[PDB]
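Residue numbers (this note's numbering), protein chains in the order written: chain A, 5 to 329; chain B, 261 to 580. In this text, a Cβ means the ideal position worked out from N, Cα and C, and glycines have one as well.
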Ligand SMILES: [Zn+2]
Ligand SMILES: [Zn+2]
C-alpha cells in the first residue's frame, strides 16, 4: 500500500535546511512529526511548522548539548526555554526560531536562555534510533547524518480532512506530496543506519590449531550489544575478495558445545570448518538481521557463496547457495 | 575458634550510626576493615577511624551513585567536597566529603578532584557477586535502610606495629571498643537466605554423546548471561561437581592451544559413568548459588587446583 521516500532524500533535505515528515513504520494509524534541523530554523520555516502542526514545538537534543546547557540532566512539569537575548515575547516564529538556533549552536551556555519559554527541549538517547525508536531520536539522527549539529526541531501535523484529530499515515502521504516534503519511517531509518554505518570493531586476533588446520580467529564487537562474535578465517581473502566461500553459523549451545543429538547444529559447524579448510580459503562466522554482513565487508569479502541448506544493501554478492553434508 | 557477632547485629549497628569490623572468614590470618555508613560520617566517627586505621579513607559506592556523580566509569581517583570544608584532611572535612557522596541530591559539581577520599565502585549485587570488603560496605549500608554508600579503612595492629591487625587482635579490638565483628562469609549467607538472587530461566532434556542430561538455565538478577547446568540422576551429599568456564576457542572450535574442549567432554563422561553429578557451564559466586539451588550440600570437586559461606563442603578433589 504505502510508498515512502528514501533516507538518502531525508538526509539531503535536512542538510539543505528543508523539513521532512517522520512516521514510525508503515502502519496506517501512525501520527507524524514534521522535522527540521534546529540550526536551520528560520522565521519562514517555523511559521510553516506552526501553520500545519499542533504548535507545541519541541527541540530534540543530543545528551552532550543537554549537559552543556544544564538541561534534562541524566539524573512534574514540562521544562521549557526561551532565548534570553535577541527576542520579544518569545512566541512568534522569529523568537521561536532564534531559540531553536541558539539551542543548536555549540557556543551557547546555560544563561543564554530563560526558563520558562515556549520551546520544549527533549533528550535523545545516546546512539539514536538504534537504541530507542522515537521521533526525538530520529530528529537528532537526521541532523547529525546531514553533517549538522545533533539538534532537531519537531511538532506533530494536524489533520485537515478530520479537524479534530492528528494526521494519520495516508493523509501525511498527500501532505508530503502537496508540499514537496519527504515522508520516511523510523523503520527505514534504523535499517539505513545499519547498512551504511560501521558498528563493529576488532577486539582480538589469534591463530587457532584445530583438526581442520589453522584458522585466523578475529574477534568482533558491536557498539550496540555486549558480545564478541568471532570470524574464523582461512588463507588470504583480499588481493581478490571475490568468490569467497562463507558459512554464517549462529551459536547453538546445546548443539555446538554439548554435542546435542536432537539438533544438527554441532555437526554442521564441524562440516563447514572441514569444507572451508579443504578449499584452503574461506570464512566461518560464529554469530552469538546481519551484523555478520558488516564483518564480512570488514574482512574484504566482495562476492561470496553461502554454505547453507535453506534456499542485501551491503555490497555483498551472493553467488550460489550450497549445501552442508 | 573465634567468636563472631551476627549479621543482624552488624546491620542494626550500621543503622544506629555505629561502625563494625569485617573480615572474610574465621581464618586467623585475615585482615579487617572498619566500616560505617557514609551518611553517618561525623567528626567523632571519622576521627575514631583515622585513629585506628591506616588513615587511607575509602568510600565504597553503589554503581548508581558513581555514574550519578561521574566517578569511575566502566593515578588513583580521589575527591573532596567543593564547599564547606577547609584543606580536606581533617576529620570534620573528611566527614563532610563522606556525607556528601552519600547524599542523593549531590551532583558532580559538588566535588573537587583531587581530594583526600578514595571513592570505590562496588560490583552490582554486592557480596553475592564479589566477596570483597568494598561490597560488604554498601551491602550493610543498604541492609540498614540507608544510602548504599559506606566508608572503610583497614585496622592497624597495635601489638605488632609494623603490621596490619589480624583476626585474633581484631576480636580483641572489637571487645575493647564494643563493636561487632562479622565475616563476608556470614554476610553472604544472611543475604542468600534472605533475598531473591538467582532464577531458573529454562529446563530441557539434553541428549549428549554420553547419554542424557537434564539441562537447566540459571540467570543472576544482577547480570544478564545465562549459565547452563547439566545434571545426571537425583541430587544431597557426595556429588561429583565440575565447574567449567566457557572457552569459545576450545569448547566450540576445538582449539588445541587450549585443552578446554576435551576437558568438558571428560567431565560429562565421568559424571555419566556414575549415575549422579553436576557439570556447570559458566558464561565461584554465581557458581555456588546454582549448586545450592540444585540441592548440593557436599561435593567431590573436579579440578586441578588446591585451596566460602554458602552451603557447600568440598569432600575431596578429583583430577582429569
Ligand atoms: Zn541446534
Ligand atoms: Zn581454553
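Three-state secondary structure (DSSP) at residue i?
i, result
"residue 251 of chain A", "strand"
"residue 331 of chain B", "coil"
"residue 352 of chain B", "helix"
"residue 83 of chain A", "coil"
"residue 388 of chain B", "helix"
"residue 32 of chain A", "coil"
"residue 126 of chain A", "strand"
"residue 115 of chain A", "helix"
"residue 1 of chain A", "Any question about residue 1 of chain A goes unanswered here, given that chain A covers just 5 to 329."
"residue 312 of chain B", "helix"
"residue 487 of chain B", "strand"
"residue 37 of chain A", "strand"
"residue 103 of chain A", "helix"
"residue 179 of chain A", "helix"
"residue 556 of chain B", "coil"
"residue 521 of chain B", "helix"
"residue 546 of chain B", "helix"
"residue 463 of chain B", "strand"
"residue 46 of chain A", "coil"
"residue 279 of chain A", "helix"
"residue 404 of chain B", "coil"
Less than 7 Å separating the beta-carbons of residue i and residue j?
i, j, result
"residue 493 of chain B", "residue 536 of chain B", "yes"
"residue 190 of chain A", "residue 133 of chain A", "yes"
"residue 281 of chain B", "residue 412 of chain B", "no"
"residue 123 of chain A", "residue 103 of chain A", "yes"
"residue 144 of chain A", "residue 66 of chain A", "yes"
"residue 50 of chain A", "residue 97 of chain A", "yes"
"residue 298 of chain B", "residue 410 of chain B", "yes"
"residue 441 of chain B", "residue 452 of chain B", "no"
"residue 547 of chain B", "residue 540 of chain B", "yes"
"residue 21 of chain A", "residue 27 of chain A", "no"
"residue 469 of chain B", "residue 270 of chain A", "no"
"residue 170 of chain A", "residue 160 of chain A", "yes"
"residue 569 of chain B", "residue 448 of chain B", "yes"
"residue 305 of chain A", "residue 245 of chain A", "yes"
Taking only the alpha-carbon atoms, compute the straight-line gap between residue i and residue j and give it to the nearest angstrom.
i, j, result
"residue 308 of chain A", "residue 149 of chain A", "30 Å"
"residue 462 of chain B", "residue 267 of chain A", "18 Å"
"residue 552 of chain B", "residue 421 of chain B", "42 Å"
"residue 206 of chain A", "residue 217 of chain A", "23 Å"
"residue 542 of chain B", "residue 503 of chain B", "7 Å"
"residue 341 of chain B", "residue 73 of chain A", "23 Å"
"residue 438 of chain B", "residue 285 of chain B", "20 Å"
"residue 82 of chain A", "residue 119 of chain A", "11 Å"
"residue 450 of chain B", "residue 269 of chain B", "12 Å"
"residue 528 of chain B", "residue 256 of chain A", "18 Å"
"residue 319 of chain B", "residue 395 of chain B", "11 Å"
"residue 498 of chain B", "residue 538 of chain B", "11 Å"
"residue 310 of chain A", "residue 135 of chain A", "30 Å"
"residue 458 of chain B", "residue 250 of chain A", "40 Å"
"residue 486 of chain B", "residue 572 of chain B", "22 Å"
"residue 371 of chain B", "residue 57 of chain A", "45 Å"
"residue 138 of chain A", "residue 129 of chain A", "9 Å"
"residue 366 of chain B", "residue 360 of chain B", "6 Å"
"residue 369 of chain B", "residue 317 of chain B", "21 Å"
"residue 59 of chain A", "residue 180 of chain A", "18 Å"
"residue 52 of chain A", "residue 23 of chain A", "10 Å"
In its own chain, which residues sit with a C-beta less than 6 Å from the C-beta of residue i, not counting the 5 before and 5 after it?
i, result
"residue 221 of chain A", "210, 212, 234, 236"
"residue 75 of chain A", "125"
"residue 408 of chain B", "322, 398, 401, 402"
"residue 406 of chain B", "297, 299"
"residue 312 of chain A", "325"
"residue 549 of chain B", "458"
Looking only at its own chain, which residues have a Cβ that is under 7 Å from the Cβ of residue i, when we skip the five neighbours before and after it?
i, result
"residue 131 of chain A", "228"
"residue 375 of chain B", "338, 339, 340, 348, 357"
"residue 524 of chain B", "504, 511"
"residue 110 of chain A", "153"
"residue 127 of chain A", "65, 67, 70, 76"
"residue 575 of chain B", "498, 558, 559, 560"
"residue 46 of chain A", "101"
Is any non-hydrogen atom of ligand 4 found closer than 6 Å to the C-beta of residue i, if you look at the structure I gave you?
i, result
"residue 409 of chain B", "By its list of ligands, the structure shown excludes ligand 4, since it contains just ligand 1 and ligand 2."
Determine whether the Cβ of residue i lies closer than 7 Å to any Cβ atom of chain E.
i, result
"residue 263 of chain A", "Absent here is chain E; the protein component of the structure consists of chains A and B."
Here's a check: name, in chain order, each residue in its chain whose Cβ is nearer than 8 Å to the Cβ of residue i, leaving out the five neighbours to either side.
i, result
"residue 174 of chain A", "6, 32"
"residue 344 of chain B", "356"
(request) Using the beta-carbon of each residue, find all residues closer than 5 Å to any heavy atom of ligand 2 and list them in chain order. (result) B:507, B:510, B:518, B:520
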